[PDB]
């Protein structure tokens, strides 16, 4: 009825999102840089809960130890002044030329050691600022050509790096967990761990798998043509959805990072339905870029729209699930039977059950319609607010 966000809705934004200056591979910046303190103050006014950062967003690369302490103290004063929190942080292992062949899986061993030391330094800072999750996006881990990267050796190096970071946080006694953010390509021709599935599988080979989960991004799974709500369901089923990046993407192309709600709107509806019905309690983080057509007024408009669209879709998904006509349709399509075990009676009783094979009437079962189109049109009517 009213779609105004409050800090209770847990909306967070990266400093690099509203602060994106608009440089793209074919053009110069269209906006001046934003001071982090200014972004914190503006986002607080719009109803945000908190902000996230890469090390190099907060502390310019090369900074002396004294300049570092000064940048952090200004930031911390803005947080104290506004009540904003810092629930997640991450490391920039992709912008500087030294990371051109990767950080953790760079072929040069000295670069891999530097990447780990740069990361550990920022984990300490994140803990100090209260973050609960530390994200890793290995944007430069990958290759443009087949012989440049032995992927088995590279996964050994990736496992080695995350194992060492797990050793580090446990030896320091820190309460922080790691989340890997997959992306299939860009800026490398193919990036390692390209989808939520590949990241979940990798984590199971780590020495302390309980410290690691995923940080999926809407547009990145869509760059592989995959269904983002399905991949989130698999991450929830595994107990590994530690954080999430929300935005929009129009299909398979360069990573657009549009505001949330833009892109595939029906997928956004089914994602919000799933997060709210599964009781996801982490931050609703927006990793988006206000288009470079916009001035600063359009940056804040686009950030506000992220939050607005989540809250509209939350309302429509809740209306859908509460509608008694929809609940009857779900039974007509046998979603209740999907949730019942196939064979709680056990293997032997299944083998002995003639009604499951010898005397199963396949033709009668085949003729039963699933009634999915009526259910989906109810979902469409709810999304569009056209119910009668």
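Positions refer to the first chain, counted from 1.
Checklist entry - Between 346 to 354 and 50 to 58, which has the higher average C-alpha B-factor in the PDB entry? => result Per the PDB record, 346 to 354.
Next on the checklist: Regarding 32 to 40 and 60 to 68, which shows the higher C-alpha temperature factor on average in the entry?
Outcome noted: Taking the mean B-factor of the alpha carbons in each, 60 to 68 is higher.
Checklist entry - Highest CA temperature factor in the entry: which of 268, 125, 241, 98? => result Out of 268, 125, 241, 98, the record gives the largest C-alpha B-factor to 125.
Checklist entry - Which has the highest CA B-factor per the PDB entry: 157, 285, 74, 188? => result In the PDB entry, the greatest C-alpha B-factor among 157, 285, 74, 188 is found at 74.
Checklist entry - Which third of the chain holds residue 114 when residues are ordered by C-alpha B factor: lowest, middle or highest? => result Residue 114: CA B-factor falls in the middle third of its chain.
Next on the checklist: Sorting by Cα B-factor within the chain, modelled residues only, which third would residue 141 end up in: lowest, middle or highest?
Outcome noted: CA B-factor rank for residue 141: lowest third.
Item to check | Chain third (lowest, middle, highest) by recorded CA B-factor, residue given as residue 175 | outcome: Highest third, going by the recorded CA B-factors of the chain.
Next on the checklist: Test of reading the entry: by CA B factor among the chain's modelled residues, which third contains residue 209?
Outcome noted: Top third by C-alpha B-factor.
Checklist entry - Based on the entry's values, in what third of the chain does the Cα temperature factor of residue 245 lie: lowest, middle or highest? => result According to the entry, residue 245 has a C-alpha B-factor in the chain's lowest third.
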